[PDB]
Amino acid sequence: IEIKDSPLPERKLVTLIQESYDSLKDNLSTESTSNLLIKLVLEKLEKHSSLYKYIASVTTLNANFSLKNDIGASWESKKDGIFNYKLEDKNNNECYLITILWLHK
């Protein structure tokens, strides 16, 4: 058991996520922002490297609040890792916490 603390440098991971988001908040379905963000991010990570499997998890929150995430795995691997990123939409009153988890093949 290991609490987790990459295939891409972190700065690219930020760009990857922030662009997917801005491209949504810039739709005739009822798909949510969070579900659309998840699909975008997984597409683009898949294009970069096939050496990993990817999980993208998004908590949506709709004042003084803090939003944190923790993640543990039942196995240990220095090649598996996570990245957390927070996104806000001050006008629609919504906060997004996205976590990327990569599983080395």
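Residue numbers run from 1 along the displayed sequence.
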Task: Deposited-sequence gap flanked by residue 5 and residue 6 - done: 4 to 9
Open item on the list: Test of understanding: from the entry's C-alpha B-factors, which stretch has the higher mean, 53-61 or 74-82?
Closed with: 74-82
TODO: Read off the CA B-factors in the entry, average them over 41-49 and over 27-35, and name the higher stretch.
DONE: 41-49
Task: Chain third (lowest, middle, highest) by recorded CA B-factor, residue given as residue 22 - done: middle
